[PDB]
């Protein structure tokens, strides 16, 4: 199965990849694509000819249409990804921006106790040097996930509860960047055996400029 979510599905949408083009696009992987179109896989975008790799993040254009980009991050070595897409010049104007995660949930199991910490990074209008970073604390007995990540401008924190059977987590979120606080929502999933990684999104209806994708490894 494939688990994922996207903050705005008007233009892009996520799920299992659907396009087979020898040597570039492969079906059956974690993927993204035009709303109304077919999904391609991140595995083929990462390290491809349109990929621009900076500080652990992939930024890829499209062969097909200029002036829109995906910045995304792989969780460990799993087929699990989080990032954003936008239209515009690049690093510059983030029009119609949307944040997402999607992963293959094959083999995912969730502990029933006790505690673990995750290295987390986040994506919000990424331009090379501004990835978010920090730690999440999971308590598998209490079924809680909480933590925060930040860059120099923005801080996002999550407070979520864990559904161990589906490996989902769901709760609130808070953004600070900068001086002012905005309350929002958090959602995502654990991925991999023993919840080896996680990915999710933090969204803020009152200011979508704050919406942030995040993920990392235990």
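Positions refer to the first chain, counted from 1.
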message: Please compare 148 to 156 with 32 to 40 and say which has the higher mean C-alpha temperature factor in the record.
response: 148 to 156
- request: Between 87 to 95 and 117 to 125, name whichever shows the higher mean Cα B factor according to the PDB entry.
  value: 87 to 95
statement: Among 174, 68, 59, 166, highest Cα B-factor in the entry goes to 174
- prompt: Looking at 188, 184, 192, 48, which has the highest Cα B-factor in the entry?
  reply: 48
- prompt: So where's residue 138 on the chain's Cα temperature factor ranking, which third?
  reply: middle
- prompt: Lowest, middle or highest third: where is residue 11 by C-alpha B factor in its chain?
  reply: lowest
task: Please place residue 21 in the lowest, middle or highest third of its chain by C-alpha B factor as given in the entry.
output: highest
message: Based on the deposited C-alpha B factors for this chain, I'd like to know if residue 73 is in the lowest, middle or highest third.
response: lowest
